[PDB]
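Novice: I have a structure I would like to understand better, so I am pasting it below and will then ask my questions one at a time.
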Amino acid sequence: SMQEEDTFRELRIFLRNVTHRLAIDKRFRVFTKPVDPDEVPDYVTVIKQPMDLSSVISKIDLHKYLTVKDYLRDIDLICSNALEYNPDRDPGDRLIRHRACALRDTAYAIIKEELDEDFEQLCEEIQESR
Ligand SMILES: CC1(C)CNC(=O)c2sc(N)nc2C1
Ligand SMILES: [Cl-]
């Protein structure tokens with residue numbers, strides 16, 4: 001219905017806002033663009049499901065997220081990919097893992113505080129009815 005299209009549009013507006021606040025954070029600059037296969041040739045082979053904040057933005061506009069759960073799945077994916085690909089004890093790896101976890105935590109914290117549970121519930125029930 002027209003009412004349901006309004007709900008998903010509100011969701012997309014909310015998700016764009018959250019993602020923008022993550023993307024401008026200097027700690028998360030590394031997660032703002034896809035991995036360059038030139039600088040990093042073995043990434044695409046090791047990480048089967050690449051994800052970054054620019055791709056998240058693209059998926060929002062393509063109406064790929066009907067719930068915040070769908071959205072958070074991709075956020076978690078950005079984090080889990082970073083932990084998997086950079087697992088060593090060296091400072092370089094430990095820094096990006098720390099930043100990855102901070103990205104995940106920040107996203108969840110923003111949503112915990114600003115997302116209405118009834119709004120999310122409505123999104124889920126509309127989604128489950130399709
Ligand atoms: C450090 C880098 C070159 C490779 N290792 C990574 O974890 C990622 S994930 C991403 N979106 N960019 C990079 C850049
Ligand atoms: Cl909301």
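FYI, nothing fancy with the structure tokens labels: chains A, B, ... in order, residues from 1 per chain, ligands from 1 as they appear.
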Distance table requested - chain A against ligand 1, cut-off 8 Å, only C-alpha atoms and all ligand atoms: one row per qualifying residue with the closest atom pair and its distance in Å to one decimal, ordered by chain and rising residue number, as JSON lines.
Specialist:
{"residue": "A:30", "atom": "CA", "partner": "ligand 1", "partner_atom_place_in_ligand_line": "12 (N)", "distance": 4.8}
{"residue": "A:31", "atom": "CA", "partner": "ligand 1", "partner_atom_place_in_ligand_line": "11 (N)", "distance": 4.0}
{"residue": "A:32", "atom": "CA", "partner": "ligand 1", "partner_atom_place_in_ligand_line": "11 (N)", "distance": 6.2}
{"residue": "A:33", "atom": "CA", "partner": "ligand 1", "partner_atom_place_in_ligand_line": "11 (N)", "distance": 5.4}
{"residue": "A:34", "atom": "CA", "partner": "ligand 1", "partner_atom_place_in_ligand_line": "11 (N)", "distance": 4.8}
{"residue": "A:35", "atom": "CA", "partner": "ligand 1", "partner_atom_place_in_ligand_line": "12 (N)", "distance": 4.7}
{"residue": "A:36", "atom": "CA", "partner": "ligand 1", "partner_atom_place_in_ligand_line": "3 (C)", "distance": 7.4}
{"residue": "A:39", "atom": "CA", "partner": "ligand 1", "partner_atom_place_in_ligand_line": "3 (C)", "distance": 6.7}
{"residue": "A:40", "atom": "CA", "partner": "ligand 1", "partner_atom_place_in_ligand_line": "3 (C)", "distance": 6.2}
{"residue": "A:43", "atom": "CA", "partner": "ligand 1", "partner_atom_place_in_ligand_line": "4 (C)", "distance": 7.4}
{"residue": "A:50", "atom": "CA", "partner": "ligand 1", "partner_atom_place_in_ligand_line": "11 (N)", "distance": 7.7}
{"residue": "A:51", "atom": "CA", "partner": "ligand 1", "partner_atom_place_in_ligand_line": "11 (N)", "distance": 6.8}
{"residue": "A:52", "atom": "CA", "partner": "ligand 1", "partner_atom_place_in_ligand_line": "11 (N)", "distance": 5.3}
{"residue": "A:78", "atom": "CA", "partner": "ligand 1", "partner_atom_place_in_ligand_line": "9 (S)", "distance": 7.4}
{"residue": "A:81", "atom": "CA", "partner": "ligand 1", "partner_atom_place_in_ligand_line": "7 (O)", "distance": 7.0}
{"residue": "A:82", "atom": "CA", "partner": "ligand 1", "partner_atom_place_in_ligand_line": "7 (O)", "distance": 4.6}
{"residue": "A:83", "atom": "CA", "partner": "ligand 1", "partner_atom_place_in_ligand_line": "7 (O)", "distance": 7.7}
{"residue": "A:85", "atom": "CA", "partner": "ligand 1", "partner_atom_place_in_ligand_line": "7 (O)", "distance": 5.9}
{"residue": "A:86", "atom": "CA", "partner": "ligand 1", "partner_atom_place_in_ligand_line": "7 (O)", "distance": 6.1}
{"residue": "A:96", "atom": "CA", "partner": "ligand 1", "partner_atom_place_in_ligand_line": "7 (O)", "distance": 6.8}
Novice: Export N, CA, C and O atoms of the chosen residues as a CSV table (one decimal), in the first residue's frame?
Specialist:
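And here is the file that came out, selection_2.csv:
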chain,number,residue,atom,x,y,z
A,30,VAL,N,38.7,3.5,6.4
A,30,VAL,CA,39.1,2.3,5.7
A,30,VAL,C,37.9,1.4,5.3
A,30,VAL,O,38.0,0.6,4.3
A,31,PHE,N,36.8,1.6,5.9
A,31,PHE,CA,35.6,0.9,5.6
A,31,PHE,C,34.6,1.6,4.7
A,31,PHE,O,33.5,1.1,4.5
A,32,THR,N,35.0,2.8,4.2
A,32,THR,CA,34.1,3.6,3.4
A,32,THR,C,34.2,3.3,1.9
A,32,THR,O,33.3,3.6,1.2
A,33,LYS,N,35.2,2.5,1.5
A,33,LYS,CA,35.4,2.2,0.1
A,33,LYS,C,35.6,0.7,0.0
A,33,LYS,O,36.2,0.1,0.9
A,34,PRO,N,35.2,0.1,-1.2
A,34,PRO,CA,35.5,-1.3,-1.4
A,34,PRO,C,37.0,-1.6,-1.5
A,34,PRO,O,37.8,-0.6,-1.7
A,35,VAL,N,37.5,-2.8,-1.3
A,35,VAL,CA,38.9,-3.2,-1.3
A,35,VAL,C,39.4,-3.2,-2.8
A,35,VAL,O,38.9,-3.9,-3.6
A,36,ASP,N,40.4,-2.4,-3.0
A,36,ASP,CA,41.0,-2.3,-4.3
A,36,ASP,C,41.8,-3.6,-4.6
A,36,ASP,O,42.8,-3.9,-4.0
A,39,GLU,N,45.8,-3.2,-5.1
A,39,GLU,CA,46.6,-3.1,-3.8
A,39,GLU,C,46.4,-4.3,-3.0
A,39,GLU,O,47.4,-4.8,-2.4
A,40,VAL,N,45.3,-5.0,-3.1
A,40,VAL,CA,45.0,-6.2,-2.3
A,40,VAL,C,44.4,-7.2,-3.3
A,40,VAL,O,43.2,-7.3,-3.4
A,43,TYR,N,42.3,-10.4,-1.5
A,43,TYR,CA,41.1,-10.2,-0.7
A,43,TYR,C,39.9,-10.8,-1.2
A,43,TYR,O,39.2,-11.6,-0.5
A,50,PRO,N,32.4,-9.4,0.2
A,50,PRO,CA,32.9,-8.0,0.5
A,50,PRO,C,31.8,-7.1,0.9
A,50,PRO,O,30.7,-7.2,0.3
A,51,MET,N,32.0,-6.2,1.8
A,51,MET,CA,31.0,-5.2,2.2
A,51,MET,C,31.7,-3.9,2.7
A,51,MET,O,32.7,-4.0,3.4
A,52,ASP,N,31.2,-2.8,2.4
A,52,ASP,CA,31.7,-1.5,2.9
A,52,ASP,C,30.5,-0.5,2.9
A,52,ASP,O,29.4,-0.7,2.4
A,78,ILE,N,30.8,-6.2,7.6
A,78,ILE,CA,31.9,-5.3,7.5
A,78,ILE,C,32.9,-5.7,8.6
A,78,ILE,O,34.1,-5.7,8.4
A,81,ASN,N,34.4,-9.5,8.5
A,81,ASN,CA,35.3,-9.6,7.4
A,81,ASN,C,36.7,-9.0,7.8
A,81,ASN,O,37.7,-9.5,7.4
A,82,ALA,N,36.7,-7.9,8.6
A,82,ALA,CA,37.9,-7.3,9.0
A,82,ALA,C,38.6,-8.2,10.0
A,82,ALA,O,39.9,-8.3,10.0
A,83,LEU,N,37.9,-8.8,10.9
A,83,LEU,CA,38.5,-9.7,11.9
A,83,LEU,C,39.1,-10.9,11.3
A,83,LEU,O,40.1,-11.4,11.7
A,85,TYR,N,40.1,-11.3,8.0
A,85,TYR,CA,41.2,-11.0,7.0
A,85,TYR,C,42.4,-10.4,7.7
A,85,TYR,O,43.5,-10.6,7.2
A,86,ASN,N,42.3,-9.8,8.9
A,86,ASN,CA,43.4,-9.2,9.6
A,86,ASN,C,43.5,-9.8,11.0
A,86,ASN,O,43.2,-9.1,12.0
A,96,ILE,N,43.0,-2.2,12.9
A,96,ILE,CA,41.8,-2.2,12.1
A,96,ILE,C,40.7,-3.1,12.7
A,96,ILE,O,39.5,-2.8,12.5
Novice: Taking only C-alpha atoms and all ligand atoms and a cut-off of 10 Å, can you tell me which residues surround ligand 2, written as a PyMOL selection string?
Specialist: chain A and resi 7+10-11+13-15+68+111+113-120
Novice: Please save N, CA, C and O atoms of the selected residues as a PDB file, in the first residue's frame.
Specialist:
ATOM      1  N   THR A   7       6.528   3.800   5.038  1.00  0.00           N
ATOM      2  CA  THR A   7       7.290   3.200   6.128  1.00  0.00           C
ATOM      3  C   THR A   7       8.709   2.858   5.685  1.00  0.00           C
ATOM      4  O   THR A   7       9.674   3.172   6.377  1.00  0.00           O
ATOM      5  N   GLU A  10      10.783   5.938   5.125  1.00  0.00           N
ATOM      6  CA  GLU A  10      11.252   6.465   6.402  1.00  0.00           C
ATOM      7  C   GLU A  10      12.442   5.656   6.901  1.00  0.00           C
ATOM      8  O   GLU A  10      13.411   6.211   7.419  1.00  0.00           O
ATOM      9  N   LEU A  11      12.364   4.339   6.733  1.00  0.00           N
ATOM     10  CA  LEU A  11      13.471   3.458   7.079  1.00  0.00           C
ATOM     11  C   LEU A  11      14.738   3.832   6.318  1.00  0.00           C
ATOM     12  O   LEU A  11      15.809   3.943   6.911  1.00  0.00           O
ATOM     13  N   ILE A  13      15.547   6.672   4.904  1.00  0.00           N
ATOM     14  CA  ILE A  13      16.012   7.970   5.386  1.00  0.00           C
ATOM     15  C   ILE A  13      16.796   7.810   6.687  1.00  0.00           C
ATOM     16  O   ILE A  13      17.863   8.401   6.857  1.00  0.00           O
ATOM     17  N   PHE A  14      16.267   6.995   7.595  1.00  0.00           N
ATOM     18  CA  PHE A  14      16.932   6.716   8.863  1.00  0.00           C
ATOM     19  C   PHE A  14      18.270   6.008   8.649  1.00  0.00           C
ATOM     20  O   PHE A  14      19.264   6.339   9.297  1.00  0.00           O
ATOM     21  N   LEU A  15      18.293   5.044   7.732  1.00  0.00           N
ATOM     22  CA  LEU A  15      19.502   4.267   7.466  1.00  0.00           C
ATOM     23  C   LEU A  15      20.587   5.097   6.782  1.00  0.00           C
ATOM     24  O   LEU A  15      21.773   4.911   7.051  1.00  0.00           O
ATOM     25  N   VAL A  68      15.773  -3.046   9.856  1.00  0.00           N
ATOM     26  CA  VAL A  68      17.068  -2.642  10.392  1.00  0.00           C
ATOM     27  C   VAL A  68      17.939  -3.876  10.603  1.00  0.00           C
ATOM     28  O   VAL A  68      19.166  -3.779  10.637  1.00  0.00           O
ATOM     29  N   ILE A 111      21.459   2.858  16.817  1.00  0.00           N
ATOM     30  CA  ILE A 111      20.168   2.232  16.566  1.00  0.00           C
ATOM     31  C   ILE A 111      19.434   1.946  17.878  1.00  0.00           C
ATOM     32  O   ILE A 111      18.228   2.172  17.982  1.00  0.00           O
ATOM     33  N   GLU A 113      19.485   3.613  20.485  1.00  0.00           N
ATOM     34  CA  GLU A 113      19.024   4.853  21.092  1.00  0.00           C
ATOM     35  C   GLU A 113      18.005   5.605  20.235  1.00  0.00           C
ATOM     36  O   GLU A 113      17.168   6.332  20.766  1.00  0.00           O
ATOM     37  N   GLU A 114      18.066   5.428  18.920  1.00  0.00           N
ATOM     38  CA  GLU A 114      17.267   6.262  18.023  1.00  0.00           C
ATOM     39  C   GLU A 114      16.191   5.503  17.246  1.00  0.00           C
ATOM     40  O   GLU A 114      15.279   6.112  16.687  1.00  0.00           O
ATOM     41  N   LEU A 115      16.287   4.179  17.208  1.00  0.00           N
ATOM     42  CA  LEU A 115      15.283   3.383  16.506  1.00  0.00           C
ATOM     43  C   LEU A 115      14.145   2.970  17.432  1.00  0.00           C
ATOM     44  O   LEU A 115      14.373   2.363  18.477  1.00  0.00           O
ATOM     45  N   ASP A 116      12.918   3.298  17.042  1.00  0.00           N
ATOM     46  CA  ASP A 116      11.748   2.882  17.804  1.00  0.00           C
ATOM     47  C   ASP A 116      11.440   1.418  17.512  1.00  0.00           C
ATOM     48  O   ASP A 116      11.340   1.020  16.352  1.00  0.00           O
ATOM     49  N   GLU A 117      11.293   0.622  18.567  1.00  0.00           N
ATOM     50  CA  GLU A 117      11.058  -0.813  18.429  1.00  0.00           C
ATOM     51  C   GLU A 117       9.757  -1.123  17.696  1.00  0.00           C
ATOM     52  O   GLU A 117       9.654  -2.135  17.003  1.00  0.00           O
ATOM     53  N   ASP A 118       8.763  -0.256  17.856  1.00  0.00           N
ATOM     54  CA  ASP A 118       7.487  -0.449  17.177  1.00  0.00           C
ATOM     55  C   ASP A 118       7.621  -0.167  15.685  1.00  0.00           C
ATOM     56  O   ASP A 118       6.931  -0.779  14.870  1.00  0.00           O
ATOM     57  N   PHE A 119       8.507   0.761  15.331  1.00  0.00           N
ATOM     58  CA  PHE A 119       8.765   1.068  13.927  1.00  0.00           C
ATOM     59  C   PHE A 119       9.448  -0.116  13.250  1.00  0.00           C
ATOM     60  O   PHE A 119       9.084  -0.503  12.139  1.00  0.00           O
ATOM     61  N   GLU A 120      10.441  -0.684  13.927  1.00  0.00           N
ATOM     62  CA  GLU A 120      11.142  -1.849  13.409  1.00  0.00           C
ATOM     63  C   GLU A 120      10.203  -3.046  13.306  1.00  0.00           C
ATOM     64  O   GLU A 120      10.256  -3.801  12.339  1.00  0.00           O
TER      65      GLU A 120
END
Novice: Compare A:48, A:27, A:63, A:21 by their minimum atom-to-atom distance to residue 5 of chain A, counting only C-alpha atoms, and give me the closest one.
Specialist: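 Closest residue, counting only C-alpha atoms: A:63.
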Novice: Just checking: using only C-alpha atoms, which residue out of A:24, A:79, A:122, A:62 ends up closest to residue 105 of chain A?
Specialist: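 Under the stated criterion, the closest residue is A:79.
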Novice: Restricting the calculation to only C-alpha atoms: of A:29, A:74, A:66, A:92, which residue gets closest to residue 4 of chain A?
Specialist: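 The shortest atom-to-atom distance to residue 4 of chain A comes from A:66.
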Novice: Restricting the calculation to only C-alpha atoms, which member of A:59, A:130, A:73, A:26 is positioned closest to residue 102 of chain A?
Specialist: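 Going through A:59, A:130, A:73, A:26 one by one, the smallest distance to residue 102 of chain A is for A:26.
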Novice: Using only C-alpha atoms, which of A:61, A:28, A:125, A:38 sits nearest residue 95 of chain A?
Specialist: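 Closest candidate: A:28.
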Novice: Taking only chain A into account, list the residues labelled helix (DSSP H, G or I) by DSSP (computed from the backbone), as a PyMOL selection string.
Specialist: chain A and resi 2-23+26-31+43-46+53-61+68-85+91-114+117-128
Novice: Counting only C-alpha atoms, figure out which residue out of A:84, A:126, A:107, A:97 gets nearest to residue 16 of chain A.
Specialist: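 Among A:84, A:126, A:107, A:97, it is A:107 that comes nearest to residue 16 of chain A.
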